[PDB]
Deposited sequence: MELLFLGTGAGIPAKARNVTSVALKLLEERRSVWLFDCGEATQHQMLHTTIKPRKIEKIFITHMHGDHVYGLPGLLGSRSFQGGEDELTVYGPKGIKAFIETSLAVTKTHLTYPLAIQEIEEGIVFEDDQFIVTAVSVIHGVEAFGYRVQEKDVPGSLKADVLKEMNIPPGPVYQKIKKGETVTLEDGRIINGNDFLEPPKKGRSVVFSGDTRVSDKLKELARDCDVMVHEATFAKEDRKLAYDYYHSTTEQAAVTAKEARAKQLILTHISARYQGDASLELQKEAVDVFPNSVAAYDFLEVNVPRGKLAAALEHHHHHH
C-alpha cells in the first residue's frame, strides 16, 4: 500500500505542481489503484508513472471544485479508449453525476467498461470484506467530505510449507484449515486448522481531509490512522499548524500536507513543512510524484 502524489498544487496548474490528485496504490491488496480527487491533467501525470487508467478501480472526490474534478472526463475516456473492462466507481458530492454523465454524453463516449457513480452522504460509502471507507462532512456548512480508507484486519495467512512438510498437499482441505476447522487427513491424522494460521494482520488506514480548515470531526475521522493527507493552503501558516495539532491529538502516525498554492515556492514549501514539524515531527510537505509507503505494524 502506497500513496503516490500526482498533483499537489491548488487552484490552477503550475509548472512545479499540477492540480490535485493522489493515488492510493493497492496492487498487492486488490490489484488496483484508488484515486482521491482528479484535477485536470491527472492522466497526463500518470503517463510518467507505472499507473495505467485500467488499474483504477475507484475515484473519490472530496469537493466539487474544478481543481478536483476536471480531469475525470478525460481519465474515464482514456480508460475506455485503452480497452479497460473492469468496473470503475466514482464517489463524490452531489453534482458529480451530472458532471460526468453530461460530459460523456456530449462527447458521444461509449465506455468499454461498467461505470458506477455514487453521490455520497456522510457515513459508510463503500465496504467489502477487505476495506471500509467512511465519508464525513468536515466543515460545518461546506459541501466537502473527508474520507477514511480503513483496511480491515486481515485473517492470518496459512502456514503452507509446514502443511506440505507434514505431507499435507495443497487442495480442498487447505480451505477448511484456513477456516480454523478441525480436519481428518487421508492417513487418519486429526489436525486443528488454527494451529497452522499466523496471527491476523492489523489493517492500515489513510485519511484524506478534502478541505484546508480543521475540526473535531477531522480529528475523530483521523483517530489513530497511519497517514493523514491534508490540504495545507487555499488557492488565493496557522492552517498547517492546525493540521499538525489535529494529527497530534488524533494520534495519526504521519501527516502529509498537499494542495499547496503557487505562493509557496522552493524554500517556502519547506517552511510550511517546518511549521507542521514543530508540532508534529512526522510531517511532510508533498510534491508531485512523491511516493509514501504505508507499511503494516
Counting from 1 along the deposited sequence, give me every gap where there's no C-alpha, start to finish.
237-246, 308-320
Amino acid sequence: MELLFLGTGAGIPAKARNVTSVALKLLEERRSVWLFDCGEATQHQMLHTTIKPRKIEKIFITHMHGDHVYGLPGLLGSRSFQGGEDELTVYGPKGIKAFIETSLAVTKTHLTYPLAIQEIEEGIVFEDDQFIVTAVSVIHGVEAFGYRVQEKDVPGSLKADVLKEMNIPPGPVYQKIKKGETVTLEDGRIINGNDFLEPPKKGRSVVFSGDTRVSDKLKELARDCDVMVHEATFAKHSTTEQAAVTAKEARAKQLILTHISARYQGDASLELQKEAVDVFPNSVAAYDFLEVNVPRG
From here on, numbers count along this sequence of modelled residues.
Which of the two stretches, 84-92 or 133-141, shows the higher mean Cα temperature factor in the record?
133-141
Return whichever of 16-24 and 269-277 has the greater mean Cα B factor according to the PDB record.
269-277
Per the entry's Cα B factor values, which of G71, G146, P170, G77 stands out as the maximum?
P170
Based on the PDB record, which member of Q254, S238, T258, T42 exhibits the highest Cα temperature factor?
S238
Using the B-factor values recorded in the entry, state whether the Cα atom of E29 falls in the lowest, middle or highest third among the modelled residues of its chain.
middle
Would you check the entry's CA temperature factor for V245 and let me know if it's in the chain's lowest, middle or highest third?
highest
Here the Cα B-factor of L47, set against its chain, lands in the third termed middle
Thinking about Cα B factors across the chain, which third does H65 belong to?
middle
Name the third of the chain's ranked CA B-factors that contains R263, choosing lowest, middle or highest.
highest
